[PDB]
Structure formats: structure tokens, C-alpha cells
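Shown next: start-v2.cif, containing mmCIF, N, CA and C atoms.
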data_input
loop_
_atom_site.label_atom_id
_atom_site.label_comp_id
_atom_site.auth_asym_id
_atom_site.auth_seq_id
_atom_site.Cartn_x
_atom_site.Cartn_y
_atom_site.Cartn_z
N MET M 1 38.15 -47.85 -60.08
CA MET M 1 36.85 -47.99 -60.78
C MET M 1 36.00 -49.06 -60.12
N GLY M 2 36.64 -50.15 -59.74
CA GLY M 2 35.95 -51.24 -59.11
C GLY M 2 36.91 -52.16 -58.40
N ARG M 3 36.37 -53.15 -57.71
CA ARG M 3 37.19 -54.08 -56.96
C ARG M 3 36.79 -55.52 -57.30
N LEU M 4 37.79 -56.34 -57.61
CA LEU M 4 37.57 -57.74 -58.00
C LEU M 4 37.52 -58.67 -56.78
N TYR M 5 36.98 -59.87 -56.99
CA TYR M 5 36.89 -60.87 -55.93
C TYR M 5 37.47 -62.20 -56.41
N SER M 6 38.48 -62.70 -55.70
CA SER M 6 39.10 -63.99 -56.03
C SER M 6 39.87 -64.54 -54.82
N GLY M 7 40.26 -65.81 -54.91
CA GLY M 7 40.95 -66.47 -53.80
C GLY M 7 42.28 -65.82 -53.43
N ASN M 8 43.08 -65.46 -54.43
CA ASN M 8 44.40 -64.83 -54.19
C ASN M 8 44.24 -63.43 -53.62
N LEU M 9 43.04 -62.91 -53.70
CA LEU M 9 42.77 -61.56 -53.22
C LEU M 9 42.34 -61.55 -51.76
N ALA M 10 42.25 -62.73 -51.15
CA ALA M 10 41.83 -62.84 -49.75
C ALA M 10 42.76 -62.04 -48.83
N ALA M 11 44.06 -62.28 -48.97
CA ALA M 11 45.05 -61.55 -48.18
C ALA M 11 45.19 -60.11 -48.67
N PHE M 12 45.06 -59.94 -49.98
CA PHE M 12 45.20 -58.63 -50.62
C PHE M 12 44.18 -57.62 -50.04
N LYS M 13 42.91 -58.03 -49.97
CA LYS M 13 41.83 -57.18 -49.40
C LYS M 13 42.17 -56.66 -48.00
N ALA M 14 42.82 -57.48 -47.19
CA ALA M 14 43.14 -57.12 -45.81
C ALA M 14 44.04 -55.87 -45.72
N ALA M 15 44.95 -55.73 -46.68
CA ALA M 15 45.91 -54.62 -46.68
C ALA M 15 45.22 -53.25 -46.80
N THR M 16 44.10 -53.21 -47.52
CA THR M 16 43.33 -51.97 -47.75
C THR M 16 43.04 -51.18 -46.46
N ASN M 17 42.71 -51.88 -45.38
CA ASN M 17 42.36 -51.23 -44.10
C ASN M 17 43.50 -50.33 -43.59
N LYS M 18 44.74 -50.72 -43.89
CA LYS M 18 45.93 -49.98 -43.46
C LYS M 18 46.06 -48.64 -44.18
N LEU M 19 45.67 -48.62 -45.45
CA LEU M 19 45.90 -47.47 -46.34
C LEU M 19 45.29 -46.18 -45.78
N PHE M 20 44.06 -46.25 -45.31
CA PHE M 20 43.38 -45.09 -44.75
C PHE M 20 44.09 -44.59 -43.49
N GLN M 21 44.50 -45.53 -42.65
CA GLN M 21 45.10 -45.21 -41.35
C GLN M 21 46.50 -44.60 -41.47
N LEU M 22 47.08 -44.61 -42.66
CA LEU M 22 48.40 -44.03 -42.84
C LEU M 22 48.28 -42.73 -43.66
N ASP M 23 47.05 -42.43 -44.06
CA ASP M 23 46.71 -41.20 -44.78
C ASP M 23 47.39 -41.11 -46.15
N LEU M 24 47.15 -42.10 -47.00
CA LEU M 24 47.70 -42.11 -48.35
C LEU M 24 46.66 -42.60 -49.36
N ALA M 25 47.01 -42.55 -50.64
CA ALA M 25 46.11 -42.98 -51.70
C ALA M 25 46.85 -43.83 -52.72
N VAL M 26 46.15 -44.76 -53.35
CA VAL M 26 46.74 -45.65 -54.34
C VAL M 26 45.73 -45.99 -55.43
N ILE M 27 46.17 -45.98 -56.68
CA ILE M 27 45.32 -46.33 -57.80
C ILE M 27 46.06 -47.26 -58.76
N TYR M 28 45.36 -48.27 -59.25
CA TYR M 28 45.94 -49.18 -60.22
C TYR M 28 45.26 -49.04 -61.57
N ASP M 29 46.00 -49.33 -62.62
CA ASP M 29 45.49 -49.22 -63.98
C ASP M 29 45.62 -50.55 -64.71
N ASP M 30 44.49 -51.05 -65.18
CA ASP M 30 44.43 -52.34 -65.87
C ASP M 30 43.24 -52.40 -66.82
N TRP M 31 43.48 -52.91 -68.05
CA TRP M 31 42.45 -53.14 -69.10
C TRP M 31 42.40 -51.96 -70.07
N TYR M 32 43.19 -50.94 -69.78
CA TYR M 32 43.28 -49.78 -70.64
C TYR M 32 44.69 -49.65 -71.19
N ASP M 33 44.80 -49.47 -72.50
CA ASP M 33 46.09 -49.35 -73.16
C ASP M 33 45.95 -48.50 -74.42
N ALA M 34 47.08 -48.08 -74.98
CA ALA M 34 47.08 -47.27 -76.19
C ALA M 34 46.80 -48.13 -77.44
N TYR M 35 47.77 -48.22 -78.35
CA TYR M 35 47.57 -48.93 -79.60
C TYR M 35 48.09 -50.38 -79.53
N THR M 36 48.93 -50.68 -78.54
CA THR M 36 49.56 -51.99 -78.47
C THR M 36 48.59 -53.10 -78.01
N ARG M 37 47.63 -52.73 -77.15
CA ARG M 37 46.63 -53.68 -76.63
C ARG M 37 47.30 -54.88 -75.95
N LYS M 38 48.06 -54.61 -74.90
CA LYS M 38 48.77 -55.66 -74.19
C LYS M 38 48.43 -55.62 -72.70
N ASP M 39 48.25 -56.81 -72.11
CA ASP M 39 47.92 -56.93 -70.69
C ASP M 39 49.09 -56.48 -69.83
N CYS M 40 48.79 -55.78 -68.74
CA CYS M 40 49.80 -55.29 -67.82
C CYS M 40 49.17 -54.86 -66.49
N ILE M 41 49.97 -54.80 -65.44
CA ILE M 41 49.49 -54.38 -64.12
C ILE M 41 50.28 -53.15 -63.66
N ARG M 42 49.64 -51.99 -63.68
CA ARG M 42 50.31 -50.75 -63.29
C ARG M 42 49.80 -50.27 -61.92
N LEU M 43 50.72 -50.04 -60.99
CA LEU M 43 50.36 -49.56 -59.65
C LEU M 43 50.94 -48.14 -59.42
N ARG M 44 50.08 -47.19 -59.05
CA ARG M 44 50.52 -45.80 -58.85
C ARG M 44 50.10 -45.26 -57.46
N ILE M 45 51.03 -44.56 -56.79
CA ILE M 45 50.81 -43.98 -55.46
C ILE M 45 50.90 -42.45 -55.56
N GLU M 46 50.01 -41.70 -54.89
CA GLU M 46 50.03 -40.24 -54.98
C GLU M 46 49.33 -39.61 -53.77
N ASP M 47 49.43 -38.29 -53.65
CA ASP M 47 48.79 -37.53 -52.56
C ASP M 47 47.34 -37.18 -52.96
N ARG M 48 46.74 -36.17 -52.31
CA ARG M 48 45.39 -35.78 -52.61
C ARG M 48 45.42 -34.54 -53.50
N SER M 49 46.41 -33.68 -53.24
CA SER M 49 46.54 -32.40 -53.92
C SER M 49 47.31 -32.53 -55.24
N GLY M 50 48.53 -33.07 -55.19
CA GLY M 50 49.30 -33.19 -56.41
C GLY M 50 50.62 -33.93 -56.25
N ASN M 51 51.24 -33.83 -55.07
CA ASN M 51 52.53 -34.50 -54.83
C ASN M 51 52.46 -36.00 -55.13
N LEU M 52 53.15 -36.40 -56.18
CA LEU M 52 53.20 -37.81 -56.56
C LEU M 52 54.20 -38.54 -55.67
N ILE M 53 53.87 -39.75 -55.29
CA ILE M 53 54.73 -40.50 -54.39
C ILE M 53 55.64 -41.47 -55.15
N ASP M 54 55.04 -42.42 -55.86
CA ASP M 54 55.82 -43.42 -56.60
C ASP M 54 54.91 -44.25 -57.52
N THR M 55 55.50 -45.08 -58.36
CA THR M 55 54.76 -45.92 -59.28
C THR M 55 55.57 -47.18 -59.63
N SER M 56 54.89 -48.26 -59.99
CA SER M 56 55.56 -49.49 -60.39
C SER M 56 54.70 -50.27 -61.38
N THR M 57 55.34 -50.90 -62.36
CA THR M 57 54.63 -51.69 -63.36
C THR M 57 55.08 -53.15 -63.26
N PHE M 58 54.13 -54.06 -63.18
CA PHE M 58 54.45 -55.47 -63.01
C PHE M 58 54.05 -56.33 -64.22
N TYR M 59 55.01 -57.11 -64.70
CA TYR M 59 54.77 -58.12 -65.72
C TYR M 59 55.78 -59.24 -65.49
N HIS M 60 55.31 -60.47 -65.37
CA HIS M 60 56.18 -61.58 -65.01
C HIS M 60 55.39 -62.90 -65.10
N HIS M 61 55.84 -63.91 -64.37
CA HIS M 61 55.17 -65.19 -64.26
C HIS M 61 53.78 -64.99 -63.64
N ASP M 62 52.94 -66.02 -63.74
CA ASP M 62 51.49 -66.01 -63.38
C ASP M 62 51.10 -65.23 -62.08
N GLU M 63 49.80 -65.25 -61.82
CA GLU M 63 49.15 -64.40 -60.82
C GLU M 63 49.70 -64.57 -59.40
N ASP M 64 50.04 -65.80 -59.02
CA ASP M 64 50.53 -66.06 -57.66
C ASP M 64 51.76 -65.22 -57.33
N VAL M 65 52.78 -65.32 -58.17
CA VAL M 65 53.99 -64.54 -58.00
C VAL M 65 53.73 -63.04 -58.22
N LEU M 66 52.82 -62.73 -59.15
CA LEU M 66 52.52 -61.34 -59.50
C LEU M 66 51.93 -60.60 -58.28
N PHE M 67 50.82 -61.13 -57.76
CA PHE M 67 50.20 -60.56 -56.55
C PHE M 67 51.14 -60.54 -55.35
N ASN M 68 51.98 -61.56 -55.20
CA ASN M 68 52.95 -61.59 -54.09
C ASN M 68 53.86 -60.37 -54.15
N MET M 69 54.37 -60.11 -55.34
CA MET M 69 55.21 -58.93 -55.56
C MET M 69 54.45 -57.63 -55.25
N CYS M 70 53.20 -57.54 -55.71
CA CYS M 70 52.38 -56.35 -55.49
C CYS M 70 52.09 -56.09 -54.00
N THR M 71 51.62 -57.11 -53.29
CA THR M 71 51.30 -56.96 -51.87
C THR M 71 52.56 -56.67 -51.04
N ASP M 72 53.69 -57.21 -51.48
CA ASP M 72 54.96 -57.03 -50.78
C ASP M 72 55.39 -55.57 -50.74
N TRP M 73 55.42 -54.92 -51.89
CA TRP M 73 55.84 -53.53 -51.99
C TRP M 73 54.90 -52.59 -51.21
N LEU M 74 53.60 -52.89 -51.23
CA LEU M 74 52.63 -52.06 -50.49
C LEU M 74 52.93 -52.06 -48.99
N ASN M 75 53.25 -53.23 -48.45
CA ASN M 75 53.58 -53.35 -47.02
C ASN M 75 54.90 -52.63 -46.71
N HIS M 76 55.77 -52.61 -47.71
CA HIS M 76 57.10 -52.00 -47.61
C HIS M 76 57.05 -50.52 -47.17
N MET M 77 56.14 -49.75 -47.73
CA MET M 77 56.09 -48.31 -47.43
C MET M 77 55.45 -48.00 -46.07
N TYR M 78 54.66 -48.93 -45.54
CA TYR M 78 53.94 -48.69 -44.28
C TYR M 78 54.88 -48.25 -43.16
N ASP M 79 55.88 -49.06 -42.88
CA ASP M 79 56.82 -48.79 -41.79
C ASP M 79 57.60 -47.49 -42.03
N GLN M 80 58.04 -47.33 -43.25
CA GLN M 80 58.81 -46.16 -43.65
C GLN M 80 58.08 -44.83 -43.37
N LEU M 81 56.79 -44.78 -43.64
CA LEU M 81 56.01 -43.55 -43.39
C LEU M 81 55.53 -43.50 -41.94
N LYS M 82 55.72 -44.59 -41.24
CA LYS M 82 55.36 -44.68 -39.83
C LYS M 82 56.45 -44.11 -38.94
N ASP M 83 57.63 -43.95 -39.50
CA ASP M 83 58.74 -43.38 -38.76
C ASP M 83 58.76 -41.86 -38.90
N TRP M 84 58.40 -41.38 -40.07
CA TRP M 84 58.39 -39.96 -40.35
C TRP M 84 57.06 -39.32 -39.98
N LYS M 85 57.14 -38.28 -39.14
CA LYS M 85 55.98 -37.50 -38.63
C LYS M 85 54.65 -38.26 -38.72
#
Please lay out the structure from this file as C-alpha cells.
Amino acid sequence: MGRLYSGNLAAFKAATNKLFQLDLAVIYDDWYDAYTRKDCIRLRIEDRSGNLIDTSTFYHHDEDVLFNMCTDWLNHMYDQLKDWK
């Protein structure tokens, strides 16, 4: 929907350039919830047509550790899909 701007996002923004070059898509869900109304960080990976790739939900200690975990896993798949076709 949109993109935020903050200091911890300095390194985070850099990762985006890789996503296009590996031919994949990623969407995150935040600020929307059912009846519980609780803060959470949901990260979802998928294709263009329908094949779903993977998903992860993060809740833990403050933003520094949270973003570290998020950026870590994103870098994780890069090499793996770089080996296959």
C-alpha cells in the first residue's frame, strides 16, 4: 500500500533492488486485524499467477531485533533461488 521512512529502514530499503532481479514478489500486512486489534508484522511471499512461496509472522522484542530478523530471512532466499534455474 505504501512505504515508510525511518533510520532502521536505511539498510532495509537497499534489499528491495534485489527482489526485481530475482523475479519474485513480496507483500507485508500491518495495521489490519480482525476483532482482536493487536499489533503484528506479517510477511508473505508469492508468485504472480498463484503459486504461493512462503510466509512468516514476527512478534518479539523491539524494532531493532524485529527488523534484523525480517531483513535476515529475505536475504536467505536470494542464494537459494540463485542456484535453481
Next on the checklist: Need the shell around residue M:55: protein/DNA/RNA residues with any atom at most 6 Å away, counting all atoms listed in the file. Skip same-chain ones fewer than 3 positions apart. Format as a PyMOL selection string?
Outcome noted: chain M and resi 43-45
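In this model, the gap between atom CA of residue M:60 and atom CA of residue M:38 comes to 13.2 Å.
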Item to check | Those of chain M in DSSP strand (DSSP E), formatted as a list in words | outcome: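 Put together, the selection reads residues 25, 26, 27, 28, 29, 41, 42, 43, 44, 45, 46, 52, 53, 54, 55, 56, 57 and 58 of chain M.
Minimum atom-to-atom distances from M:22, M:1, M:7, M:12 to residue M:82 were compared using all atoms listed in the file, and the lowest value belongs to M:22.
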Item to check | Picked residues, the PyMOL selection byres (((chain M and resi 24 and name CA) around 10) and name CA), expected as number ranges by chain | outcome: M: 18-23, 25-26, 45-48, 53, 78, 81
Checklist entry - Looking only at the backbone, which of the residues in chain M does DSSP tag as alpha helix (DSSP H), as a PyMOL selection string? => result chain M and resi 9-21+63-83
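From atom N of residue M:42 back to atom C of residue M:57, the distance works out to 5.6 Å.
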Next on the checklist: Running the PyMOL selection byres (((chain M and resi 59 and name CA) around 9) and name CA) on this model by hand, what would come out? Give it as a list in words.
Outcome noted: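 Applied to this file, the PyMOL selection byres (((chain M and resi 59 and name CA) around 9) and name CA) selects residues 39, 40, 41, 42, 57, 58, 60, 61, 62 and 66 of chain M.
Put simply, atom CA of residue M:72 is 28.7 Å away from atom CA of residue M:36.
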Checklist entry - Nearest to residue M:74 among M:56, M:3, M:31, M:50, with distances taken over only C-alpha atoms: which residue is it? => result M:56
